[PDB]
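A.B. asks: Here the protein sequences come in this chain order: A and B. 33 is the number of the first residue of the first sequence in full-length UniProt numbering; add one for each residue after it. 48 is the number of the first residue of the second sequence in full-length UniProt numbering; add one for each residue after it. The C-beta atom is built at its ideal place from N, Cα and C for all residues, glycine as well.
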Amino acid sequence: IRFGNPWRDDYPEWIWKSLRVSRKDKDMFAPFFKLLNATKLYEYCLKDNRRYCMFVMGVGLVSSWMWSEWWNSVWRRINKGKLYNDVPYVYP
Amino acid sequence: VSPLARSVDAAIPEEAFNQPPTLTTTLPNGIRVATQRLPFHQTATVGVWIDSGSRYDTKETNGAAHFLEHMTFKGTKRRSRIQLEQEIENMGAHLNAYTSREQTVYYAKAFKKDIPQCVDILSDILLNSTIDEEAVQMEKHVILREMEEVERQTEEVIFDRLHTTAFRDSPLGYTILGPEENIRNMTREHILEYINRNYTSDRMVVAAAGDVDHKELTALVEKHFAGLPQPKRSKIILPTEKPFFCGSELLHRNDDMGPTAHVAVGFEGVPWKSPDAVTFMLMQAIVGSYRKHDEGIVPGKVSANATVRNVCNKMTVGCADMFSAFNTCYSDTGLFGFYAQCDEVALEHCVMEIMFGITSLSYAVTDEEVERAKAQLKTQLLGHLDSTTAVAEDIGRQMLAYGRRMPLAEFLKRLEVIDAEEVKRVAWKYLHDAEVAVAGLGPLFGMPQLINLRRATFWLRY
Ligand SMILES: CCCCCCCCCCCCCCCCCC(=O)OC[C@H](COP(=O)([O-])OCC(O)COP(=O)([O-])OC[C@@H](COC(=O)CCCCCCCCCCCCCCCCC)OC(=O)CCCCCCCCCCCCCCCCC)OC(=O)CCCCCCCCCCCCCCCCC
Ligand SMILES: [Zn+2]
Numbered sequence: 033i034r035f036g037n038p039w040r041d042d043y044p045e046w047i048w049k050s051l052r053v054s055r056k057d058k059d060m061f062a063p064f065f066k067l068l069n070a071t072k073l074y075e076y077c078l079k080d081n082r083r084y085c086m087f088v089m090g091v092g093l094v095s096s097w098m099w100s101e102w103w104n105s106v107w108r109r110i111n112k113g114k115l116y117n118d119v120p121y122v123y124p
Numbered sequence: 048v049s050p051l052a053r054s055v056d057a058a059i060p061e062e063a064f065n066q067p068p069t070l071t072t073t074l075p076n077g078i079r080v081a082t083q084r085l086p087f088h089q090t091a092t093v094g095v096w097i098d099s100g101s102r103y104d105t106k107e108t109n110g111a112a113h114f115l116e117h118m119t120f121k122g123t124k125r126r127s128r129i130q131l132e133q134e135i136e137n138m139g140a141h142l143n144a145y146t147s148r149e150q151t152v153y154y155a156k157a158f159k160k161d162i163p164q165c166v167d168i169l170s171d172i173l174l175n176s177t178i179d180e181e182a183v184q185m186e187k188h189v190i191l192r193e194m195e196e197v198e199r200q201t202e203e204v205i206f207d208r209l210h211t212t213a214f215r216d217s218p219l220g221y222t223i224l225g226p227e228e229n230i231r232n233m234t235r236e237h238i239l240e241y242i243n244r245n246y247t248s249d250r251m252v253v254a255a256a257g258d259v260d261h262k263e264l265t266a267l268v269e270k271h272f273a274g275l276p277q278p279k280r281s282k283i284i285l286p287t288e289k290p291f292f293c294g295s296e297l298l299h300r301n302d303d304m305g306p307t308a309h310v311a312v313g314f315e316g317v318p319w320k321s322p323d324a325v326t327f328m329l330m331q332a333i334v335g336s337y338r339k340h341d342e343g344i345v346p347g348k349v350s351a352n353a354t355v356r357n358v359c360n361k362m363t364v365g366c367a368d369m370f371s372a373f374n375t376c377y378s379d380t381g382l383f384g385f386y387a388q389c390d391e392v393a394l395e396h397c398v399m400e401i402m403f404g405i406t407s408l409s410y411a412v413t414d415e416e417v418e419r420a421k422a423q424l425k426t427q428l429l430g431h432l433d434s435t436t437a438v439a440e441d442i443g444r445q446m447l448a449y450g451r452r453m454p455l456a457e458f459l460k461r462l463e464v465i466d467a468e469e470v471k472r473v474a475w476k477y478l479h480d481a482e483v484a485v486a487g488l489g490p491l492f493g494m495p496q497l498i499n500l501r502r503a504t505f506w507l508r509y
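1. Using a cut-off of 7 Å between C-beta atoms, extract the partners of B:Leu-507 located in chain A.
2. Strictly under 8 Å for the Cβ-Cβ distance: is B:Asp-480 near chain A by that measure?
3. Considering only heavy atoms of ligand 2, list every residue whose Cβ is less than 7 Å from one of them, following chain order.
4. Leaving out five residues before and five after B:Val-325 in sequence, what residues of the same chain have Cβ atoms less than 8 Å from its Cβ?
5. For a quick check, are the C-beta atoms of B:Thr-212 and B:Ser-101 less than 8 Å apart?
6. Assuming B:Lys-156 is part of the beta strand (DSSP E), what are its boundary residues?
7. Would you list the one or two residues that DSSP bridges to B:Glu-203?
8. For B:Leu-115, which three-state DSSP category applies?
9. Helix, strand or coil, according to DSSP, for B:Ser-321 in the structure here?
10. Where B:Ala-437 and B:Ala-155 are concerned, what is the direct C-alpha to C-alpha distance, given to the nearest angstrom?
11. When the Cβ atoms of the segment 98-117 of chain B are set against those of the segment 234-243 of chain B, are three or more pairs found closer than 8 Å?
12. To the nearest angstrom, report how far apart B:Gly-343 and B:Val-355 are at their CA atoms.
13. Where DSSP assigns a beta bridge to B:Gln-83, which residues make up the other side?
14. In whole angstroms, give me the CA-to-CA distance for B:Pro-290 and B:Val-398.
15. Entirely within the segment 49-89 of chain A and at least 4 residues each: give me those alpha helix (DSSP H) ranges in chain order.
16. Check whether the Cβ atoms of B:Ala-144 and B:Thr-90 lie closer than 8 Å to each other.
17. Within 10 angstroms of the Cβ of B:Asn-374, are there 16 or more other Cβ atoms? Answer buried if so, exposed if not.
18. Tell me the rounded alpha-carbon separation between B:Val-48 and B:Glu-469.
19. Is B:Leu-169 helix, strand or coil when you go by DSSP?
20. In or out: B:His-141 buried (at least 16 other Cβ within 10 Å) or exposed?
21. With 16 other CB atoms within 10 Å as the buried threshold, where does A:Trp-102 fall?
22. Are the beta-carbon atoms belonging to A:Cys-77 and A:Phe-64 less than 8 Å from one another?
23. Exposed or buried, what is A:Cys-85 when buried is set at 16 or more other beta-carbons lying within 10 Å of its beta-carbon?
24. Leaving aside the five residues before and after B:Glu-62 along the sequence, list all residues of the same chain whose C-beta is less than 8 Å from its C-beta, in chain order.
25. Would you list, in sequence order, the uninterrupted alpha helix (DSSP H) runs of no fewer than 4 residues that lie entirely inside the segment 406-467 of chain B?
26. With DSSP run on the structure shown, which of helix, strand or coil describes B:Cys-293?
27. Our contact map puts B:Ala-387 next to B:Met-362 with C-beta atoms below 8 Å; I'd like the distance itself, whole angstroms only.
28. Counting only the same chain and skipping the five closest in sequence on each side, list residues whose C-beta sits under 6 Å from that of B:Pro-218.
29. Is the segment 431-448 of chain B in contact with the segment 471-491 of chain B, if contact means three or more CB pairs nearer than 8 Å?
30. How many angstroms separate the CA atom of B:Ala-481 from the CA atom of B:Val-317?
31. Opposite B:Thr-234 in the DSSP bridges: which residues?
32. If the criterion is Cβ atoms closer than 8 Å, does the pair B:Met-446 and B:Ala-254 meet it?
33. Specify the secondary structure class of residue 517 of chain B as computed by DSSP and reduced to three states.
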């Protein structure tokens, strides 16, 4: 046993092979970077720090609101029939 | 109504328009001849400008182009080494040559009467040189020595290292001299292959300036340059790929060579024919230059140049021995940046101050600074066109780059309409938030990180 043993420890041969693999000049996600660059978001909103900060505050204001609304809908669906507004009280 | 509002406002002096024309002709075999007559001269300069260099070497024989330079002065079939040297001396003429990455030049200076004999000598050594295998082995000792002296001129070494790391993936990154092992294993067959593939009629210009006649220079060239091969095309019309610019650093740390460090930084520039090339020339002059041991009559602490002023006032003592901006154009790309020398403990301050001045071009440069730079550029450029050699170099270099010579009046008209808002537009497009390459040598313990230099290309204020 080589694992954990100071008298024998060494990488097996299948780990030395993984270190020799090569993917030079390959990029499977390139079609994603092309789409982003074609929107010109960098030229109009991120290259200038004044505009970059406008983008931060504005997008954060709208995103935070949509995030809360969505989570409230999930909450109401999971808990259908258990919340107060779902079971009208009947008087005697 | 005040006399202070009736000053003489003459933008471009009339002398710019009353210049002698530069005459041009294309011969049947493809050689181009260009001449400008300057009557107030008794001498003249004639030469051959070729569109080849180290960039047109092969990876396996990088260095043959420079090797060929030396062999061109070692003998022909009709003249030997000794006979060539004596003929030039007996006329009092001069014969020089140099080789670069994209251009190679041969030129001579002599009296008018000796011009034909110069054209005969130039054509002979360029077309009929004997590349004796026995002489190729002797030169190997003179070139290996030059590789050691070049290693002593530090500025030249730094710019070569800057090309090596910036253009890793292109022949534009090759050195001119080439590796040692290539110089040791050089043969005459490697040199003949370079000649037959590069020295053709469509890549050569003959230019002259002085007491010169155009019709007579066109007839001498037609007679002595007839045995020049024409280009051969095998039905291949494929375009060349633009060199790729790698953002990277290559640093040689050495604490045993004194207290002075050397550094150079570079940006991707523009090619000769770019509509924005004139503006890059101006931006180079706004950053300018400075030497501590040769300020002149204007002390650096009170200079109009903001970059000089900030550098000289740093820590109340000054943070640079010298610095200078550069701009270099090629056929399909360019290189813009600066070089500097500085004390070990001053290196970080110096580099970041000059970077701050380039990034100011995109945000805050003033029209006072632009007009100061314009005036200096005009004094230097227009001043260097005095001798026949400088003029001939201007003719030949422009015929290869632009396909024509630009008249002085046209350059001044294009330079006049560039203001501060146009500088900001060009710098925002090319220099703001861009990749940089760095080369350095010496005591570099305090050198900034590459990423520090990369993020200094933009400001967070504004
Ligand atoms: C009830 C709770 C309420 C809490 C609210 C409190 C407030 C929270 C704030 C949150 C902010 C988050 C964003 C952080 C970004 C920081 C700015 C930036 O980008 O720096 C770039 C800056 C320069 O970038 P570069 O890459 O070197 O150069 C690029 C350009 O070439 C350079 O181009 P250039 O030359 O044009 O730029 C020069 C550079 C100038 O660069 C410099 O010379 C250095 C700048 C200083 C460092 C950056 C500021 C943050 C430092 C943190 C200090 C916190 C003290 C905590 C004390 C608490 C006491 C209770 O320009 C500036 O950035 C000027 C400053 C901008 C105006 C001020 C706005 C930023 C201030 C952020 C908050 C700090 C004050 C809070 C005080 C709290 C007191 C209670 O980077 C650095 O200096 C490197 C280190 C930066 C560390 C950042 C740490 C961030 C932490 C912020 C939280 C604050 C803690 C509050 C505690 C409250 C407890 C009660
Ligand atoms: Zn040489």
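C.D. replies: Reading off the structure:
1. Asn-81
2. yes
3. B:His-113, B:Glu-116, B:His-117, B:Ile-190 and B:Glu-193
4. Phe-458, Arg-461, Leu-462 and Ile-465
5. no
6. 151-158
7. Answer by DSSP bridge pairing: none, since B:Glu-203 is not bridged.
8. helix
9. coil
10. 12 Å
11. yes
12. 13 Å
13. B:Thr-69 and B:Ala-256
14. 27 Å
15. 62-69
16. no
17. buried
18. 34 Å
19. helix
20. exposed
21. exposed
22. no
23. exposed
24. none
25. 414-430, 435-448 and 455-463
26. coil
27. Going by Cβ atoms, the distance from B:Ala-387 to B:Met-362 rounds to 16 Å, so no, they are not a contact pair.
28. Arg-102
29. no
30. 14 Å
31. According to DSSP, B:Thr-234 bridges with nothing at all.
32. yes
33. Since the displayed chain B opens at 48 and closes at 509, residue 517 of chain B lies outside it and no answer follows.
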